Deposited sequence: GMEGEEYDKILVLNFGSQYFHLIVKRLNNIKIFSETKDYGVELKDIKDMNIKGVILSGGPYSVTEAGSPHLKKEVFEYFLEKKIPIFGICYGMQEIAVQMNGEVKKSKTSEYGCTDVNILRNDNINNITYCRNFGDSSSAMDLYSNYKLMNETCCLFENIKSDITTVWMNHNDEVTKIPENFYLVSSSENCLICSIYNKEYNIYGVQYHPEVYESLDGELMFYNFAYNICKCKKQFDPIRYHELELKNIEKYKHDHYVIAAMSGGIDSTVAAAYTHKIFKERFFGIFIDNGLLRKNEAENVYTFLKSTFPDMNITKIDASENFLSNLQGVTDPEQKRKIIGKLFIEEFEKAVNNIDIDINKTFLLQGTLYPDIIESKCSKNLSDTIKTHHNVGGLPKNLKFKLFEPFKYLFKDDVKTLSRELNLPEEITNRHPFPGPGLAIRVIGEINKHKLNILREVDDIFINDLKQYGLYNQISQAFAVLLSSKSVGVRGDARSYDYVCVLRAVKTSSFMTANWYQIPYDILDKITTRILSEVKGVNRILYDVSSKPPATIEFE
């Protein structure tokens, strides 16, 4: 109902602002910075959040809001909230100045919220001697965004190379940082707010409060519960349960399974689960998933197709990771549609179930045809995890790491064949089993083995990958205790013939990716 427009400037933390709006029961409306006025004027927008980004606002080619779009916000009285890049965009839009900092900030940092009487509480005043001499050059007050904060100091997460040097228009200086004088800014007339830090990340302790103050106190929102949308959506599909069929790609992942559970309970013998073995799964995975699905849902239709030869022969000679991805996606569609036709039902009366989550719809709005059914459009991984517990599903499905569609094709670097896959399957198996045996599996977000086309003294070189993940675009490499890692690496090199070297990935995202290819 009362929606906040959240605009994308390329931030690695974009999903986290959308997440915080979900936690605070406010409807998010995700769009790129280059949005046209025509696409927003007719919507019930109560406020706009401008995200951070990896760009420098000084340079050419940098993302900017169109003059008409920004002018629309001011005229319509729509409050604005800019974080990192968003703050700097606001500055640049309104007569202000932004330059590269003398000292770049990254990590947890304490910032002093400013007030006429609070001005004395700044000891680092010499970094930009008396604190009265510095803040005489700036307008202060005696700020709604920090309501009920209690303390005059707050811990926030930093990640910026540029800083506002000269305040725009008639703005108040509202917060300062040891390495950033113009840390937060406020405009009373247009309701414009700007912070250099990232309140969307967990580490920013008072973040959820600032998003709350903006949504309700500032933007005057009245409403939307994300963990209620799927229940409402399932209660309305119930009217189709006798005249319509539901088809679903079953992968063995948490998302497809939980969705199938809630939907099978409605459509029963009219629900059809399709599990396609692409020949790119892990050791015994094709058998283990199919058994798992039958043991969990005994009365459920589950068609399994061995398509291994189809994918494998089509992947011969292919080394380019995108070419791999495009072939695998193309052949999946072809095999899936072949399985749907083999059921022999009315295509004009079928629903395609997908466990599509919010991150997916956010990502989709960036840069046989079935009536789509995605109950989980507004949910996140942690929402799906607790929903699986409410179905009393085994712990194994709730804990297990995500697995990419292209599978081991993106994990065998270069030319893919059955000889390489078998070697990787052995290494990955020993790796995963041991992480479970030493009880590390559950605290790791995603762990896997990789096989390289490069060689050492001659046999193949394997890489162990393990990460802790915050969202789609941000992850840290996992620090496996050296005693356990040694036991895992020793085991692999003696058990698996064809591998003479094990490496460990020590790169976070950014700059690296979780996967290699």
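Enquirer: Please report every deposited-sequence interval that has no C-alpha in the structure, sorted by position.
Expert: No C-alpha coordinates exist for 1 to 6, 135 to 137, 152 to 153, 235, 380 to 398, 489 to 496.
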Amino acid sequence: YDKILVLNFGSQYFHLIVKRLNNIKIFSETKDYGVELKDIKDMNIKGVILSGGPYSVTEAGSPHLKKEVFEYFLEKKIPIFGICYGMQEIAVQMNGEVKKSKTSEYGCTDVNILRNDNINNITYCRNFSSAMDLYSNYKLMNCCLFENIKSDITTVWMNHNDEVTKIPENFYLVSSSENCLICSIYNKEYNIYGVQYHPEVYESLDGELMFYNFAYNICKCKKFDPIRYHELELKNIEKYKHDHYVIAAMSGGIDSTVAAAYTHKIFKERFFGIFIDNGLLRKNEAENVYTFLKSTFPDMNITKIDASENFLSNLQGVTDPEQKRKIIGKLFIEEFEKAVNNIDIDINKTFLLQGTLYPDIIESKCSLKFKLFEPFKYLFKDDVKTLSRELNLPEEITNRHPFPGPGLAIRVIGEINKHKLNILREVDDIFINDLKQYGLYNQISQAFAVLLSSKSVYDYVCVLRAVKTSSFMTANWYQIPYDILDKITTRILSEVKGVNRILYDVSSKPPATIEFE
From here on, numbers count along this sequence of modelled residues.
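Enquirer: Higher mean Cα B-factor in the deposited model: 401 to 409 or 90 to 98?
Expert: 90 to 98 has the higher mean C-alpha B-factor.
Enquirer: Which has higher Cα B-factors on average according to the PDB entry: 150 to 158 or 443 to 451?
Expert: Between 150 to 158 and 443 to 451, it is 150 to 158 that shows the higher mean C-alpha B-factor.
Enquirer: Which one, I305, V318, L368, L421, has the peak C-alpha temperature factor per the PDB entry?
Expert: Within the set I305, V318, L368, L421, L368 shows the top C-alpha B-factor.
Enquirer: At the C-alpha atoms, which of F275, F311, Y438, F211 reaches the highest B-factor in this entry?
Expert: Going by the entry's C-alpha B-factors, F211 comes out highest.
Enquirer: Mind checking which third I167 falls in for C-alpha B-factor across the chain?
Expert: Within its chain, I167 is a middle-third residue by C-alpha B-factor, going by the deposited values.
Enquirer: Determine, from the deposited record, the chain-internal third of the Cα B-factor for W477: lowest, middle or highest.
Expert: Lowest third - that is where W477 ends up once the chain's C-alpha B-factors are sorted.
Enquirer: Taking the chain's C-alpha temperature factors as the reference, tell me which third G194 falls into: lowest, middle or highest.
Expert: It belongs to the middle third of the chain when residues are ordered by C-alpha B-factor.
Enquirer: Please rank the C-alpha B-factors of the chain's modelled residues and tell me whether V457 sits in the lowest, middle or highest third.
Expert: According to the entry, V457 has a C-alpha B-factor in the chain's middle third.
Enquirer: Could you look up the Cα B-factor of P359 in the entry and say which third of the chain it sits in: lowest, middle or highest?
Expert: According to the entry, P359 has a C-alpha B-factor in the chain's middle third.
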